[PDB]
Structure formats: structure tokens, C-alpha cells
Amino acid sequence: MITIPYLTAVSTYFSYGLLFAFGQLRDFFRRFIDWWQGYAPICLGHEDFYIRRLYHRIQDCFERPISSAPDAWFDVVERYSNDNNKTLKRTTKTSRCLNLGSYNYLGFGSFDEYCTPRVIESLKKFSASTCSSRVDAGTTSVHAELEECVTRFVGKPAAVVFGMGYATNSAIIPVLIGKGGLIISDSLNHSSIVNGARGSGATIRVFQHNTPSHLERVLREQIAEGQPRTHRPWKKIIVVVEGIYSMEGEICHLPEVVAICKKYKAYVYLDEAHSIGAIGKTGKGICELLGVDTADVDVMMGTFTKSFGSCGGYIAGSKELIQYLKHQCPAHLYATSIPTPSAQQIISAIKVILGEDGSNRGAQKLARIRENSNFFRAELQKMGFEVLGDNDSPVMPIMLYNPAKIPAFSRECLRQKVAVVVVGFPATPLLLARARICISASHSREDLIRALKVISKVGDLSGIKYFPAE
Amino acid sequence: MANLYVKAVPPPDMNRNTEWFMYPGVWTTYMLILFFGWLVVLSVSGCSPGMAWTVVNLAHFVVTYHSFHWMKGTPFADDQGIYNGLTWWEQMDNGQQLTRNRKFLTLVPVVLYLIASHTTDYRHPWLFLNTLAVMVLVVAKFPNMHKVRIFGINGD
Amino acid sequence: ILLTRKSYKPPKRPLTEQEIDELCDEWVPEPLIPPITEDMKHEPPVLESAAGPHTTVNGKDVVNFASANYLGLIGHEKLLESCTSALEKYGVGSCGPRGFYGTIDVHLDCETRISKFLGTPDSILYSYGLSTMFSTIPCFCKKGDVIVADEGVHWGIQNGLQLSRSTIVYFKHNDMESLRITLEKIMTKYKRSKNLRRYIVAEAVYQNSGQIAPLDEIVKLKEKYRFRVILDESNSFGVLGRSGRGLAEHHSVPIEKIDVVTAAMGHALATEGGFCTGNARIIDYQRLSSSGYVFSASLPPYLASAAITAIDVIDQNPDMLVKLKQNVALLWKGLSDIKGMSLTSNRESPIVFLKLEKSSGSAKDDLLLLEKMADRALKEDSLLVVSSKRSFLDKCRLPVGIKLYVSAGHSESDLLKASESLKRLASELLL
Amino acid sequence: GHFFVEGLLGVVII
Amino acid sequence: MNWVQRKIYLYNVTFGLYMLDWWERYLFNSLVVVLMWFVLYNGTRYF
Ligand SMILES: CCCCCCCCCCCCC/C=C/[C@@H](O)[C@H](CO)NC(=O)CCCCCCCCCCCCCCCCCCCCCCC
């Protein structure tokens, strides 16, 4: 699924083994110096080896504090050590870098003159948020008006909105499935989905990432073998897939997945976290870009953090599914309602996207998010880099493959006034370290042109042009 | 200066600890580390090739045994210590026995001991040791020695 | 060689590609959800203009007892300036997890302010109130440990207890005699093992019963068996101590005896979020290995810039704390003579519980019985109250009842109007 | 005492 | 940077020496220089 140059797959294992060897050696001279209030230690000796022997070496590439709105250009605060690199502290000095590590695709995480004036007015009339849950006193009028805009937008009959995009997967999967069920998940699913599956009693299998000929062969075996020990019938089967598989940048093969789930009478659980304002000619997600009937999928989970510039989540489906969840979902019963100015800013963003604001800049954003991604991705391939994903996706990871290139590609770019994101080993597979580039609809062409020459010059030093240029 | 592209497939294996041992390039590095240690030993202190192969076989004993058969658990806290009563050898391949990658790891301590004996003229000063080392390695990797301990030493 | 082998059956003949097709056709799945009923679909009130003591529903003015703002900070004139000045300078969204670029400076200031308020080395923020317990407990307790829970802990805590695949044993609700029995029986079954970790999970003011935990016997039994204490003081932070510090200042114990202190800012601070407090080593370890901290968007900065102002208001004005005790006592002096209900809360917690006496039947029936009594309190004489809404995923088995979240902004007329209206309705429906 | 081992280990390998 | 200075930098990141401290790097560079001199001097005339 990823083409790896053979000579680089060898100098990566060597680079990791050298780190392992020096780390064990150094940790062996700490265990004999600890000779100099009775409870067990907070953490054992060797459960955080790669946290203190690999992460602390490059800890200045993460948790960079900014002091400006998440815009195309922000200010980055500078940090010193003051005690030989153990606890970084922040100065007063700042910079002015190009934002390429945020998520605001449509450029809503800013001050725009249709949403912020309405949200400020919906603040001084409702005071932040209610202190009760939604079934007691936290269902304001704004919370009832917003659950209609989401149903109109997404397309399904009814929807529920929560206040966290991570609790939208750990507090719902236990409700729909329980013990005796099955969950054929995709390999590269978020942590929230797997934690939600663990919170119930269901069994989890995994089919190969983004290929249906392997999804069929797993369903056949699992229905022909029943429960793992007492070969009862499987009470249910649910298949979980994602719209755009981030950190791989690929659009899912939805038409070929739904067709196989219908045949074996399994259910489908879609996850449009990255693809609900980005892809599509109207912004309706993958079910519109790929031309699939929205009633073939049973549940559709989403998130407003990335595109609409406001926290939250939702679930949409048949009108009895929503009635069941509103009566038996712990996140709906026990948790405080989503704040009011954080719901007005979703209402007034869906109005802009649908063009009901009077102006017509709801289509300029949708066109400029595409004419920027198709340009950046095309230009990176011509210089010989290795970028993944298709042509219609806001994310494009660049593969690095070497643990030592992670602090080299980031420190140079920050020094030349460009900010990016890099991902290491403990989170990713060992061999696949990458950098993630996020392109928004607020970047101008003059910025992408200037940022491509900064990247092309840094990529010569590290030698990450694995493919041949022209 | 880059050729020989390989299209690696992701084996699920759902375990950070023992999934990296399936991507292309592991065997070659495994052997090149051994061939690199052999040359570096007889450069920092000029000696006979036989002894140097002996020092390589003795260093490869402690490193491999302490890593594959002594340590238990995983260094990643994400799985909430699901594998606390298992060693790295037992976690491999979800407990599947006699696979392609287990036979390669079984076959190396033998072939490396043959080389350290055939160039040291057997004798007894080194023969006694090398035999003990290879014997310990091969016994520890037997299919029947699965989740079984010796007198309950480092067993629970 | 042979005289030692084991008898085995010959291997079976594998299924054919035709037989499998049949089995895949006989199999039938159950419905995704159970069929709906008519008692399953009651809509809650939709209100306007506030959520404070005096809200508004359908035009008529009702009196609120279901919002958990104890200090009456909803709609304070000093919070609507802070939020406004930070909402037009940062935006309304976070745009990223906190490890990549989601660390605004206001987050660091808020953490410093909270830690200075409680007097502790360091502190950590979380995005959402209910998820501060999903991720704190599985971070500390792994599969080989032992946790001594309280059998009366809400769903947030008891979801984390299940995620962290450890061994959980319960003890009777606020029964130090049953706590010490359990501690001894654990310190005997685990004798040779000494590297394992042991934790005690409690709650400052319980939400299902309104009873304050006694933090003297717990801090004393913890020093005798080498345990650790995790305290969930979301209902006591800012209301309970004499200066507002919480349970520790209530029982006059040093805060260093409590290993982890977690709270939610959605009750007495009039914001959203959560935080966790402790020494430097504990906090800096869960800043990297947590789950809801590294995989979730950070707090919107306008919510974290209101917590700072709220804490400053609390610190500068300790009179609204005694004004709350008076209101709780005033509601207790006008409700002790009810007919079928029974005040089963503590005398100081601002959650006036009311257990129903002489259970009318099965718990299923009692739920709707309480639901209609709660419905008629609003429709007729304009009163919002809360009734126990259990889920089928919850495992708590405490008695159900009706709560009343008293605040510090209630008047003296509405406070007794809440008592007369409950006495009449309880009299004319239960007995 | 030198080729019995090298002959038996080949058999063991196979 | 010139050609030799650039080709040294490209070597530090490929074998993971860009991350280590000065004392971990000076203990490996010397140990690999020794190996390149030993191979040269011997193999150049031992055949
Ligand atoms: C200088 C060149 C190398 C110098 C010595 C390097 C030896 C280090 C390799 C040891 C492999 C450890 C396998 C499992 C270890 C587990 O116990 C622990 C905790 O459970 N897992 C982890 O820490 C994470 C699991 C994966 C991390 C492995 C990173 C190292 C990747 C290298 C593997 C492929 C290259 C070597 C193949 C196996 C090496 C065999 C030892 C060679 C002996 C050298 C003595 C001359």
C-alpha cells in the first residue's frame, strides 16, 4: 500500500536499533545510581522507555504555543530550556510563520463578518453555556434550531449533537452493540472508535485497510464459524469505515463496501470526521462526491472541529434511532449541553455554506479549497517527493521514513518561517514516519508559491526526494 | 541513488510490539548487524577471526535472550497491559506456531554457532560455552515451551 | 518413542465453497435497536434567555432548580466582558489537538491560575467535563492492579473503571466499617505480590445521593495499608470549604495527602471543561500518555478565558459562600415535614435529595411515577426539578428520587415556593 | 569429533 | 554550506546521529573511523 525504497528500509532499522542500544545502556547506569514513601511507583521502570529515550530528544517539535487566532498567519512563542533541556519555558519573543499545521479548511476559524457578530449577540443573551444537561434544563432554543440545520445539511431524517467529538464514539457504540456482537473495523481507525468498541463487550476483528476483496473473505469466515468458542450465531455484525483516512489521505471505496454489506445483511457505520465540509461540490461529504444513496448507511458520525471551526459532534439516522439514543445514551443524559455560542457558530456557518446568508462567498470557499489542494499536490509530485492521498483531499502526508529526519525537517522549516506537523514511531508503525500538510481555503497563491520553495530547499538537505524529478 | 521499490502490504497483527517484524528489510538488517559487529570487534583489538566470531556469538546471546525471553509486557501503555504474562517470543504472530518468521529466528543461533565453532577448531575453552549458549537459545524457542516456566522463576 | 504419544482423531474434511454459501444465507441479524414505545418519547422543555434562577419557558416566568450553578455566576457582568474580549480576538474554535498546535497561551494561564488557587505544583486541562474521568483512571491503573471503588459512583467514573482492565471491588456507600473490612481482605489475598499498585476511588459530594464523603477515615486508612486516593470533587470545588477550596479545607486535611484531584468546570464556574491536579511527576506523566488529551481538540479559548475571571470573582468574594449555606438551611427548615418523601442527603451539600418512601412497586414503575410528578411541577405552578434518569448501561443501584440544585442567587420567596409546591404534590399523589 | 555435529545439525535443520 | 559540509549533514540524519548528544556521537564516529582505517590498511595489502 506504500512503496518503500529498499535501501531506505535498511538505514531506518539501523537508526532505530542504535537508539535502542544507547537507551538500554544509559538506563542500565541509572538503575545502579538510584541507591542515593512506601507506596508503589506511579509508573514501572520500563513502560515509558520510548517516552524518555526517544521523545525527550525531540520534544521541541511538539506543543508549540501560539498567541494568535488559528489563521493563515499566526504568532509562535519561543521557548528556552534554562536547565539543560528538561523543562521548556516560554519567553515574550514571538515569530510570524505560515500556518500549515492547523485544520480550518474553509477558513472559519477567524473573524468573519457574518458569524462573529451573531455569536457575540447570542452570548450576551445566554451566558456561555447552561450548567444542566439536555434532558433537564439545557435544551435552549438555539439547541433546537441547530438540530434542524444539521438534518437539512447532512440529509438524513434526524440528528443528535453532543459536545465532544471523542465522546461521540465511546458513549454510543456501547449502546448499539453489546456482548455477542461483532465489529469488523478498518485497520486505521481513530482511537475513539476502538475505545468505544472496548467499552462494550463486543468482539473486534480487523479487515485490510481500504480493500473489499478482503472484507468479503472475513465476513464469510466469521459467519461460517460463529462465536469463537461456543459456535452460537453472531447476534449482530457492524462494519466501521471512514470517509477520508487521515494520515493516509485516501478516499474510501464506499460503493464497493456498501454492496458487500448488503449481501451479508451487515450494517454500515460511516465516520465523516475529515470529509464533511471539505470534499463534495456542495460540501455534503463523501456520500455526495462518490454518488451513493445516503439511505444505504445506517449511522453517520461527524465532527465540527475541522471544517466549521467549532467543537462538537453529531449522529444522524432513522427517526427511531435518534429517539432511542435520546432515551438511552449516557452522553446525552449525564453530560452538560454543548455551549450556546458554540452552537450559533455552527448554525451561522451552515447558513454560509448553503448560500442562505445573502452573499455568494459560500461557493468561493468551496472552489478555492479545491483549486489550492489540486495545485499543491500536483506541484509536490513534480519535484519528486512522495505524497499520498488522491486528488480531492485537503491532507497530503509526505513520507520521511527516518527517525532522525523528523527533527531535521521541522526545525529548518520553522527557522524559515513555515510551520508543519510530524509524527513519530510510538504513534505510527515503525517504518512509516511522515509529515502532515494541511491546506485551507484562506491561503493565497502567493503563500503557496513561497512555501513550496522553502520546502523544496529543505528537502534537498535531508534528501527526502525519493522519487525522480524531471 | 534510490531503486528497488517494494510495495509493502500491512498485516493487521494489531500489536505495535510485534508488527514491525513483517515489513520488507528485516532479515537483511538482522544479518548486516551481525556482520558489522564481527568486523568492529577485530578492529578495536586485533585478534583471530575465530575468537571474534566467539565474542559475536556470546554478545548475541545476552541481547537476544534478555529481549525475546526475559522481558514481559509491552512498552506502550495504550493496550492497558493486556500482555503482562507473555514474553516477546510468545506475543509474536498472535501465538501462531512454526511460521515463516519464527523459523528464521530459530535458525540463526544454530548457524551462527556453527561458524564460531568451525573456525575455532572446536577445543574445550570455547566449545563448552558456545554449546551452552546455543542449547539455551534452542530450548527456549521450542513449541512445547509455550507459557511454561522453570520452577516458577520469573513466571507470575 | 511410541509408547508415550497421545491419541488424536484424524483431521476433519474442510467446508466447501458451496456449503458456506448456504450458512451465509440462513444467518439472520437482529434489529439494530429495540422497537420504540410511547412512554419512551417525552420531550424536555425548551427555554429562553438564560438558565439562571429565573429562566423563561413558553413566555411564562418559571423558577429554576435544575441548573447546577451554585454560585450564581450565569450572566455575571464580568464574565460577559472577558468572553466577549476573547471571542473577537481568537475566534470560537480550537483548530487542533493540544500536542500539535492547539496550545493557546490562555490555556497555560488557566492552568497556572487553577494550581495557584488550590496551592499545588501543576495542573492539566481537559476538553470536556464528562471525559476527565474516562482518561484519568485508565492512565494510572493497568490490568494487574486493584481498585476499591464506592458502589455509588456515577457513570463517568464507572466507565473509566471498566476501560482500565483492572480488578474492581466495591464497598458499601459511605461505610468506613465496610471500607476497612475490604482493605484487610485485600491485603491478605495479595501477600507475596508487592509491586502491584492499589487505588481508592471516591467522590466528594455524590450526585446520586447528595452525601458528602468523610475524608478523615479515608486519609487515615490509606496511610495504614499503603494505598492511593483519587478524588472527584466536581460538586465541592468552590462551594464547600470556608474559602471555597473544597473537601480538604472542609475536613482540615492537607491537600498533599490526596494524590489526584479531578474536577469539572461545568458546575460552579459557569463554563465547560475539566482539570486534574497533583504533584509535578503525576501531571507531567499523563500529559503524554493520556487518551482524551492527545487525541482530542483543546478547549475553545473563550471558555478557558472565562474560568480565569470566574476564579478571580470567587477568590475576591467569599460572601456568596455563606449566602449559599443559608439558602440550603432555609430549604431544609421548610421541607422536613413532607408526607411520602424523605430527605436522604447530607445537611450541607447543595443537592437536596428526596427519596420516595414505601416504593410503589418495581423500579421500572417508580421511574415513570417520579417522571409525572416532575412534569406536573412545571406545567401548573412553574417549577423545574430533576428526577433520576437511569440508563441501562448504568450499574448504580441506589434509590431513585428528586433533586434540587440550590444556588446562591435564589430569593427567599421562590425558595419556600419550592417547598410548598413539593409538599402539596407529594401529598396528593403518593399517599 | 568434528563432523558428527556438522552432519547431525544439517539433519536437524531439514 | 559546501559539498563536503552538505554531504556530512546528509549522513548524520540517515543513520540517526542527528538526535544523539555530543558524547554519544563522538564515541561512534571514532569507532567507525577505526574500522575504515583497519579495512583499508589490511585489505589493501593482505591479498
Ligand atoms: C548498532 C546496530 C544494532 C545494535 C544492537 C541493536 C539490537 C536491538 C534489537 C533488539 C530488537 C528488540 C526486539 C523486541 C524488544 C522488546 O523486548 C522491547 C520491549 O518488549 N520492544 C521494544 O522496545 C519495541 C519493539 C520494537 C522495537 C525494536 C527496535 C529495533 C529495531 C531493529 C529490529 C531489526 C534490526 C535488528 C533485528 C534483530 C536484531 C537481533 C540482535 C542482533 C544482536 C547484535 C549483537 C552483535
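Residues numbered from 1 in each chain as written, not as in the entry; some residues may be left out. Chains lettered and ligands numbered in written order. Part of a larger assembly, values for the part shown. Heavy atoms only, no water. Residues with missing side-chain atoms left out of burial classes, pairs and counts.

For this deposited structure, the header cites cryo-EM as the method used and 3.2 Å as the resolution.

Looking at the PDB entry, one finds chain E named Transmembrane protein, putative (DUF3317), with Arabidopsis thaliana as its source organism. Readers searching the PDB will find this entry under the title "Cryo-EM structure of the dimeric atSPT-ORM1 complex". Looking at the Subcellular location (unreviewed entry) heading of the UniProt record, one finds this comment for chain E: "Endoplasmic reticulum membrane". (UniProt positions renumbered as here; feature names shortened; annotations may be inferred.)

As annotated in the PDB entry, chain C is Long chain base biosynthesis protein 1 from Arabidopsis thaliana. Of the comments in the UniProt record for chain C, the one headed Catalytic activity reads "L-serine + hexadecanoyl-CoA + H(+) = 3-oxosphinganine + CO2 + CoA".

A.B. asks: Give a description of the overall build of chain E that names residues and reports values.
C.D. replies: Looking only at helices and strands, one finds two helices and zero strands in chain E. Along the longest, intermediate and shortest principal axes, the C-alpha atoms of chain E span 40 × 25 × 15 Å. (Helix = DSSP H or I, 4+ residues; strand = E, 2+ residues; numbered from the N terminus.)

A.B. asks: Provide a residue-level description of the overall build of chain C, including the pertinent values.
C.D. replies: Looking only at helices and strands, chain C features 13 helices and 14 strands. Taken along the three principal axes of its C-alpha coordinates, chain C extends 95 × 55 × 50 Å. Of the contacts made within chain C by residues no fewer than 6 positions apart, 69% connect residues no fewer than 24 positions apart. (Contact = heavy atoms within 4.5 Å.)

A.B. asks: Provide a residue-level description of the environment of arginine 79 of chain A, including the pertinent values.
C.D. replies: Residues and elements named next belong to chain A. Relative to the assigned elements, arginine 79 resides in strand β3 (residues 77-80). With residues up to four places along the chain from it excluded, the contact list for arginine 79 reads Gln59, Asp60, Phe62, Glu63, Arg64, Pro65, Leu88, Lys89 and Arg90. From its side chain, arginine 79 meets the backbone oxygen of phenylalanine 62 in a polar contact 3.1 Å long. A polar side-chain atom of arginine 79 sits 3.3 Å from the main-chain carbonyl oxygen of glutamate 63. (Polar contact = N/O pair within 3.5 Å; in protein donor to acceptor, adjacent residues only side chain to side chain.)

A.B. asks: Kindly report on the UniProt feature "transmembrane region" (unreviewed entry) in chain E, identifying the contributing residues and their values.
C.D. replies: Here the UniProt feature "transmembrane region" (unreviewed entry) sits at residues 26-44 of chain E. Note that residues 26-44 of chain E is 100% helix and 0% strand, and that its end C-alpha atoms are spaced 27 Å apart.

A.B. asks: Please provide a residue-by-residue account of the site of the ligand, values included.
C.D. replies: The ligand sits among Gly17, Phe20 and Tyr50 of chain A together with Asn17, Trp20, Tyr30, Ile33, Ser67, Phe68, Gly73, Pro75 and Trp88 of chain B. What surrounds the ligand is not a single chain but chains A and B. Interatomic distance of 2.6 Å between a side-chain N/O atom of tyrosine 50 of chain A and an oxygen atom of the ligand. Residue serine 67 of chain B places a main-chain N or O atom 3.2 Å away from an oxygen atom belonging to the ligand. A total of 1000 Å² of accessible area belongs to the ligand in isolation, and the protein chains cover 89% of it. At the level of elements, α1 (6-28) of chain A together with α1 (26-44) and α2 (49-70) of chain B are the ones that each hand at least two residues to the shell around the ligand. Residue composition of the shell around the ligand, by class: eight nonpolar, four polar and no charged. (Near = heavy atom within 4 Å. Areas by Shrake-Rupley, 256 points an atom, 1.4 Å probe, with all protein chains shown as cover. Nonpolar A, V, L, I, M, F, W, Y, C, P; charged D, E, K, R; others polar.)

A.B. asks: Describe the sheet that holds strand β2 (residues 54-57) of chain C, with residues and values.
C.D. replies: Taken in spatial order, the three strands of this open sheet run β1-β2-β3 (chain C), and their pairing is antiparallel. At either margin of the open sheet sits one strand with a lone partner, and together these are β1 (47-48) and β3 (60-63) of chain C. (Pairing = 2+ DSSP bridges.)

A.B. asks: Could you give an account of the sheet that holds strand β7 (residues 182-186) of chain A, naming the residues involved and the relevant values?
C.D. replies: Residue and element names in this part refer to chain A. Read from one edge of the open sheet, seven strands run β6-β14-β13-β12-β9-β7-β8, paired in mixed fashion. Looking at which strands have only one partner, the edges of the open sheet turn out to be β6 (158-162) and β8 (203-207). Within the sheet, the average angular offset between the axes of one strand and its neighbour, ignoring direction, is 20°. As paired strands, strand β13 (residues 299-303) and strand β14 (residues 313-317) are joined by four bridges and run antiparallel to one another. What sits directly across from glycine 302, in β14, is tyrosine 314. (Axes fitted to C-alpha atoms, helices over the stretch in contact; angles between N-to-C directions.)

A.B. asks: Break down the packing of aromatic side chains for me, with residues and values.
C.D. replies: In the structure shown here, the tally under the stated rule is 36 aromatic pairs over all chains. Between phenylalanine 61 of chain B and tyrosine 65 of chain B, the aromatic rings sit 6.1 Å apart at their centres with planes inclined by 5°, giving stacked as the arrangement. With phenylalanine 61 of chain B and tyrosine 65 of chain B both in helix α2 and four residues apart, this pair spans about one turn of that helix. What makes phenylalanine 61 of chain B partly exposed here is its relative accessible area of 21%. The aromatic ring of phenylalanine 227 of chain C is capped on one face by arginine 198 of chain C, whose charged end is 5.8 Å from the ring centroid. (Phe/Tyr/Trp six-rings, centres within 6.5 Å; stacked < 30°, edge-to-face > 60°. Buried < 20%, exposed > 50% of the residue type's maximum accessible area, 1.4 Å probe, protein only. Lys NZ or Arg CZ within 6 Å of the ring centre and 35° of its normal.)

A.B. asks: Can you explain the pairing of β8 of chain A? Please cite residues and give values.
C.D. replies: Residues and elements named next belong to chain A. Pairing analysis gives five bridges linking β7 to β8, with the strands arranged parallel. Along β8, the bridge assignment pairs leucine 182 with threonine 203. What joins β7 to β8 is helix α7 (residues 191-199), and the crossover it makes is right-handed. (Right-handed = clockwise from strand over helix to strand, strands pointing away.)

A.B. asks: Could you give me a rundown of a nonpolar patch on the surface, with the residues and numbers involved?
C.D. replies: A cluster of nonpolar side chains, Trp70, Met135, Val139, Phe142, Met145, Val148, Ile150, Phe151 and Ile153 of chain B, forms an exposed patch at the surface whose accessible area comes to about 910 Å². Tracing the backbone shows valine 148 of chain B in the segment after α5 (127-140). (Patch = residues over 30% accessible without salt bridge, like charges linked within 9 Å, V, L, I, M, F, W, Y side chains within 5 Å. Salt bridge = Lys/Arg side-chain N within 4 Å of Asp/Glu carboxyl O.)

A.B. asks: Requested: an account of the interface of chain A and chain C, with residues and values cited.
C.D. replies: The interface is formed by 98 residues belonging to chain A together with 96 residues belonging to chain C. The class makeup of the residues in the side of chain A that touches chain C is 50 nonpolar, 33 polar and 15 charged.

A.B. asks: Talk me through helix α6 (residues 176-189) of chain C; I want residue IDs and the actual numbers.
C.D. replies: The end-to-end C-alpha distance of α6 of chain C, which contains 14 residues, comes to 20 Å, matching closely the 20 Å that a straight helix rising 1.5 Å per residue would cover. For α6 of chain C, the secondary structure elements touched by its buried residues are β5 (146-148), β6 (167-169) and α7 (217-225) of chain C. (Expected span 1.5 Å × (residues − 1).)

A.B. asks: Tell me about empty space enclosed by the protein, and please be specific about residues and values.
C.D. replies: Within this model, the largest cavity holds a volume of roughly 730 Å³. In terms of lining residues, the largest cavity is bounded by 38 residues, among which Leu333, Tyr334 and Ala335 of chain A together with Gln207 and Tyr405 of chain C are the most central. Elements with a minimum of two residues in the lining of the largest cavity: α5 (155-163), β9 (260-264) and β13 (386-387) of chain C. Here the lining of the largest cavity is built from residues that sort into 17 nonpolar, 14 polar and seven charged. (1 Å grid on protein atoms, 1.4 Å probe; cavity = no way out; pocket = protein on both sides within 12 Å on 5 of 7 lines; lining within 4 Å. Points joined across faces, edges and corners; volume = space filled by probe spheres on them.)

A.B. asks: Describe the pairing of β3 of chain C, listing the residues and the values that go with them.
C.D. replies: Inspection of the sheet shows β2 of chain C paired to β3 of chain C by four bridges, in the antiparallel sense. Each residue of the ladder has a partner; that of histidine 54 of chain C, found in β3 of chain C, is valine 63 of chain C.

A.B. asks: Talk me through the packing of helix α8 (residues 212-225) of chain A against helix α1 (residues 17-26) of chain C; I want residue IDs and the actual numbers.
C.D. replies: Contact geometry for α8 of chain A and α1 of chain C: axes closest at 9 Å, N-to-C directions at 75°. The pairing of α8 of chain A with α1 of chain C is recorded here as roughly perpendicular in orientation. Side by side, α8 of chain A and α1 of chain C meet where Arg220, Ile223 and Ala224 of chain A of the first sit next to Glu17, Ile20, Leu23 and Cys24 of chain C of the second. Its residues assigned to classes, the contact of α8 of chain A with α1 of chain C comprises five nonpolar, no polar and two charged. (Parallel < 35°, antiparallel > 145°, perpendicular 65-115°, else oblique.)

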